[PDB]
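Enquirer: coords please:
(chains A and B, ligands or ions: 1)
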Amino acid sequence: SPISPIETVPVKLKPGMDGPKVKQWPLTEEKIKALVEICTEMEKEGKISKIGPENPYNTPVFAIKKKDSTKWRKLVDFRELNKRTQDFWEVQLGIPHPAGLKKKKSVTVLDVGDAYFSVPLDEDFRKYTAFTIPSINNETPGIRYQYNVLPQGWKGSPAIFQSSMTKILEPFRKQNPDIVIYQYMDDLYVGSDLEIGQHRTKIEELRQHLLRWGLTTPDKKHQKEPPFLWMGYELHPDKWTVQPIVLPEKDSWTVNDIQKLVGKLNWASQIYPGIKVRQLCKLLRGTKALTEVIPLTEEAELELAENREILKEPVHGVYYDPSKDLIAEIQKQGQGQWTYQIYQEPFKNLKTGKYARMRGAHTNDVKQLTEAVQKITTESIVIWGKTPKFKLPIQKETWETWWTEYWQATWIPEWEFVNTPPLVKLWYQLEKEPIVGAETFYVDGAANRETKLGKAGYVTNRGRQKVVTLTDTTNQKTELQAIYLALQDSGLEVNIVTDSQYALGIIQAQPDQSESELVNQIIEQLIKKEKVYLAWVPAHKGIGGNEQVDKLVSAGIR
Amino acid sequence: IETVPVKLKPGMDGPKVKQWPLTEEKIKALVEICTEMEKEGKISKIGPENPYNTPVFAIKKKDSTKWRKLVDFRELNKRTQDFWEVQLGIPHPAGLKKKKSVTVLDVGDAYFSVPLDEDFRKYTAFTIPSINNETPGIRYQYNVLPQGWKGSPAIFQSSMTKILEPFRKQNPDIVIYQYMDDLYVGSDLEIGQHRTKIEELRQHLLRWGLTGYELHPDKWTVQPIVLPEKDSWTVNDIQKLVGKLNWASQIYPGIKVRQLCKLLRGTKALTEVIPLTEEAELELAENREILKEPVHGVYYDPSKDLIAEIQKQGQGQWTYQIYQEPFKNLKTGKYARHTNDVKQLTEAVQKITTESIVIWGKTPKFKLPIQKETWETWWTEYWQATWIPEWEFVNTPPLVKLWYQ
Ligand SMILES: NS(=O)(=O)c1ccc(NC(=O)CSC(=O)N2CCCc3cc(Cl)cc(Cl)c32)c(Cl)c1
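Expert: Residues are numbered from 1 along each chain as shown, chains lettered A, B, ... in the order given. Now the structure:
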């Protein structure tokens, strides 16, 4: 195997740090012998060099046998040198997504033989790679070598190799702009739109160019055939798709089977639309051991079932055509679950995906929709370098109402309404004005930090009044309670005045679902209502009936 | 030119900041710009042994087709602060905010002909990412003073001084202040003469390579918190009026509500009008009288950060406050508008920054009423300045919004 003549990459240890010097443990004779055989071969091939004992550095060597086989493998434990080597630049900051690859007429995969050994190591660095095959027992100085190429498991190898591969490809690229090569580890993906003709030719020219730099690769009849499996996907001449997924037939589920299931479904959801996972996830929370069986909830069951249904029979994604548009569609799937598909030509998907995240404690469909739009928008820029035209299940008017009045700044790239129920809508509006001839409730809550007991109640202005007690609450809780009462005892139209900016905040946002049971009840009230007007006053400022509901819930609490 | 030596703030090292994804057009634009600077020696490709990173973006700058490059050195600036600020710090003229006119001049081309200390260059690495991660980022570092790095003008200080010495000598009453890549030039001249002096000054710069847009500070007066006048006052209105009144003090030394307050007692209907006691009107007016007055007792403290908050007010309007200590406003104002929410927010942010530069010579840390991802994906679409302030993201208190209406 050749050792690329290419320029070296200068390497340093970390400032105020010196190379390693960890002592070599004593080995058995068979181990000792195996290493001698392995090393002199590497030495012959130029991969290593013998050194004196003037060099003061050392890294443990070990030798293991073979998973099944009968050869020996040499293990050099670079932990110590690794903790002393500088940091490098991140190898590869993301991986292409298949839905972003342009179609090529013809593509072939090359792989480099012995990547790391084919490339040299900064001279002034080799000395720190010193290792020692010891002699039989303590006696005798051991045999001592150091590396001349990139060692396996050293911190800088992935970066410098790939950095090297780039340097080496740069020109060929230059004089071949219409051929794309993708570098992954020690694979090359090479595609072009030339007829097989000088595709193979052009391949050959690549190979030579590589071989000229000390890099060797397979030849026709040696190279993988499509579909090329990779990073979990399946790549075909005209499509791509995730690698085969199998949901095991199973009587009993352990935490561990379900964790794995959830993982395959998630993965599956990049191209199988409608994949659901909530019910399954629900099972995992507050978890026990991996080996523990979990009884499958009935929703979890309908969910598992509808998932086997979807996976029943293959689905694939298409590749990307830069001369056409990107359309993204989103459907509300339910309990905070969103689903989406991206295509260029109606219904031939490039990819699919889902969004669920609970963003905040209380939220509404309109906020979720636009969070999904953001997340999909970022993904498009990464994958295609442009944002898609959106098609959303929400009227222009609804959107306009909401964005316009919301405190927080918002935006959405080009979209159009599409009529696919469930449609997104606000489930109630607070008034802008006080309602004439509707009862005013002045509500209030108070909690004792010690006892954690609380009172909550109200006083209206037709003299009505009420006060409830609560036994393990908080101020926040007593103040939602107080508003919840005022909503229980008032019928279709009501003005409510609280001094809780907290409840106000939550409610002005038109939440339509929450993690708080209490906040939900408040919601069904607000939806039953017909005209609610809510308003804030600062508490403990002798003021309206506020001062009364105050003393009312204070007596006893504080 | 022998270079000046630049060192980090002891016990910490270079920026390793992630590069936001860029759209195809901005990447292409960056590949051109970058191929050129390289040919001209401004920057050189680097190798994997440089682990540093600073994000890079492409913008336009008001009324221009030419894409232009913008490097985000916010992080680098923090890490070398000791250098640019208290070692080669640039004094800031209190006079500037006084002038009738201030013209702002891009002067960052100056920097590319001063070489960068060889041992520092690695700290200026940046990356041009590629779409769908198909190819590794193109990686570069600077060989010369980079635009947007607070080190550049600190170092270029004395040259700037030589360049301006003639023009200064001849115009004792014009103030010239440099901040990052820009020159602020303010005078009390009629506007024709002003514009004429700025042309004249363009010619000087023009003799050293360097190659306007107009502020009018001395007329940036208060955004006084406003209370309503109106005959007829509902229970609700008063309720609101004391909420606002109430909040107003805390910053406003000796605001009063007692009188006003009495009006409401018992538990009345909200929609019930009520008369007024004209001693309540006495408060109102003084309050008002006060509410239009410089905060008594609040002063720029040079050793503390500046903070800016911005509330969305609908109908294209935005309010904002600059302060160092909550409710101790150094300044407040509004900004007003085919313009969406993000576009306008970006404009307000720039405007406020540049006011903040003129007045204090440092930019504020912004609290933005917007979701991180939206901001980050959108802001460069409208950004036009050559600097970038710090920012956080927040949820406006419901009340703050109206208490500044
Ligand atoms: N040789 S072929 O049978 O005719 C054939 C043609 C095209 C394809 N696929 C494509 O056209 C799109 S993918 C492709 O060409 N490339 C080169 C560009 C980047 C890249 C990255 C990866 Cl991970 C995989 C591939 Cl297959 C690729 C395949 Cl899988 C096979």
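Enquirer: for chain B, what are the nearby residues on the stretch 251-400 of chain A?
Expert: A:371, A:374, A:375, A:377, A:378, A:381, A:382, A:383, A:384, A:385, A:386, A:387 (C-beta under 8 Å from any C-beta of the partner chain). All C-beta atoms are positioned from the backbone trio N, CA, C, and that covers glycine.
Enquirer: Let's see that with 7 Å instead.
Expert: A:374, A:377, A:378, A:381, A:382, A:383, A:384, A:385, A:386 (C-beta under 7 Å from any C-beta of the partner chain).
Enquirer: Just flag the most distant two among the residues you listed.
Expert: A:374 and A:385 (17.2 Å; C-beta to C-beta).
Enquirer: wait, which of the residues of the stretch 251-400 of chain A next to chain B is closest to the ligand?
Expert: residue A:383 (12.6 Å; C-beta to the nearest ligand atom).
Enquirer: want to throw the residues of the stretch 251-400 of chain A next to chain B into CSV with secondary structure and neighbour count?
Expert: Shown next, in CSV, are these (DSSP: H, G, I helix; E, B strand; the rest coil; neighbours: other C-beta atoms under 10 Å in any protein chain shown):
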residue, secondary structure, neighbour count
A:374, helix, 23
A:377, helix, 23
A:378, helix, 17
A:381, helix, 19
A:382, helix, 20
A:383, helix, 25
A:384, helix, 22
A:385, coil, 21
A:386, coil, 17
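Enquirer: Pipe these into CSV and attach distance to residue A:338 per row.
Expert: As requested, these are exported to CSV (distance: C-beta to C-beta, whole Å):
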residue, distance to residue A:338
A:374, 12
A:377, 14
A:378, 15
A:381, 19
A:382, 19
A:383, 18
A:384, 20
A:385, 24
A:386, 22
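Enquirer: Tell me who's in contact with the residue located most distally from the centre of chain B.
Expert: Note on chain B: the largest C-alpha distance from the chain mean falls to residue B:266, namely 49.1 Å (C-alpha atoms, centre = their mean). Applying C-beta atoms under 7 Å, 6 or more residues apart in numbering or on different chains to residue B:266 gives the contacts residue A:545.
Enquirer: In which helix or strand does it reside?
Expert: Assigned by DSSP states H and E, residue B:266 falls within no helix or strand.
Enquirer: circling back to that earlier point, out of the residues of the stretch 251-400 of chain A next to chain B, the closest to residue A:361 would be?
Expert: residue A:374 (19.2 Å).
Enquirer: so the closest one touches residue B:374, yeah?
Expert: Yes: with contact defined as C-beta atoms under 7 Å, residue A:374 counts as touching residue B:374 (5.6 Å).
Enquirer: ranges for the strands of the stretch 251-400 of chain A?
Expert: Using DSSP state E, counting those that start in this stretch, the strands assigned to the stretch 251-400 of chain A run over residues A:327-334, A:337-345, A:348-355, A:362-363, A:389-392.
Enquirer: Show me the helices in the chain, by range?
Expert: Went with chain A since none was named. Along chain A, counting by DSSP state H, helices occupy A:29-44, A:79-82, A:123-126, A:157-174, A:196-211, A:255-268, A:278-284, A:298-311, A:365-384, A:396-405, A:475-488, A:501-508, A:517-528, A:546-554.
Enquirer: please go with chain B instead
Expert: B:24-39, B:74-85, B:151-170, B:191-207, B:235-248, B:258-262, B:280-291, B:341-360, B:372-378, B:398-403.
Enquirer: how about JSON lines for those, with mean neighbour count and distance to chain A added?
Expert: Listed next are the helices of chain B as JSON lines, based on neighbours: other C-beta atoms under 10 Å in any protein chain shown; distance: least, C-beta to the nearest C-beta, whole Å:
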{"stretch": "helix B:24-39", "mean neighbour count": "15", "distance to chain A": "3"}
{"stretch": "helix B:74-85", "mean neighbour count": "18", "distance to chain A": "16"}
{"stretch": "helix B:151-170", "mean neighbour count": "16", "distance to chain A": "21"}
{"stretch": "helix B:191-207", "mean neighbour count": "14", "distance to chain A": "35"}
{"stretch": "helix B:235-248", "mean neighbour count": "20", "distance to chain A": "5"}
{"stretch": "helix B:258-262", "mean neighbour count": "16", "distance to chain A": "7"}
{"stretch": "helix B:280-291", "mean neighbour count": "16", "distance to chain A": "14"}
{"stretch": "helix B:341-360", "mean neighbour count": "21", "distance to chain A": "4"}
{"stretch": "helix B:372-378", "mean neighbour count": "18", "distance to chain A": "5"}
{"stretch": "helix B:398-403", "mean neighbour count": "17", "distance to chain A": "5"}
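Enquirer: Just send the strands of the stretch 251-400 of chain A back as CSV, with mean neighbour count too.
Expert: Formatted as CSV, the strands of the stretch 251-400 of chain A follow (neighbours: other C-beta atoms under 10 Å in any protein chain shown):
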stretch, mean neighbour count
strand A:327-334, 20
strand A:337-345, 20
strand A:348-355, 21
strand A:362-363, 20
strand A:389-392, 19
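Enquirer: Using JSON lines, lay out these together with distance to residue B:363.
Expert: Output for the strands of the stretch 251-400 of chain A, formatted as JSON lines (distance: least, C-beta to C-beta, whole Å):
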{"stretch": "strand A:327-334", "distance to residue B:363": "37"}
{"stretch": "strand A:337-345", "distance to residue B:363": "38"}
{"stretch": "strand A:348-355", "distance to residue B:363": "35"}
{"stretch": "strand A:362-363", "distance to residue B:363": "34"}
{"stretch": "strand A:389-392", "distance to residue B:363": "35"}
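Enquirer: Mind splitting chain A into its structural domains?
Expert: Split into domains by curated CATH domains, chain A comes to A:1-91+A:117-157, A:92-116+A:158-226, A:227-320, A:321-427, A:428-553.
Enquirer: follow-up on the earlier one: of all the helices of chain A, which one comes closest to residue B:34?
Expert: helix A:157-174 (15.1 Å).
Enquirer: For residue A:481, which non-adjacent residue is closest in space?
Expert: residue A:456 (3.9 Å; C-beta to C-beta, 6 or more residues apart in numbering or on different chains).
Enquirer: May I ask you to confirm that the one you found is in contact with residue A:482?
Expert: Yes: here residue A:456 lies in contact with residue A:482, judged by C-beta under 7 Å, at a distance of 4.3 Å.
Enquirer: Are there residues contacting both of the two? Which ones?
Expert: Joint contacts of residue A:456 and residue A:482 (C-beta under 7 Å, 6+ apart) are residue A:445.
Enquirer: Could you list the residues of the stretch 251-400 of chain A in contact with the ligand?
Expert: residue A:319 (C-beta under 6 Å from any ligand atom).
Enquirer: what are the phi and psi values for the residue nearest to residue B:306 when sequence neighbours are not counted?
Expert: Distances taken as C-beta to C-beta, 6+ apart put residue B:364 closest to residue B:306, at 3.8 Å, once the chain neighbours are dropped. The phi/psi pair for residue B:364 (degrees, to the nearest 10) reads phi -90, psi 160.
Enquirer: And for residue B:364, the neighbour number?
Expert: 27 (other C-beta atoms under 10 Å in any protein chain shown).
Enquirer: give the contact list for whichever residue of the stretch 201-350 of chain B sits closest to the ligand.
Expert: Here the stretch 201-350 of chain B gets closest to the ligand at one residue, residue B:342, 33.6 Å apart by C-beta to the nearest ligand atom. Counting by C-beta under 7 Å, 6+ apart, residue B:342 makes contact with A:409, A:411, B:374, B:378.
Enquirer: Many thanks, have a good one.
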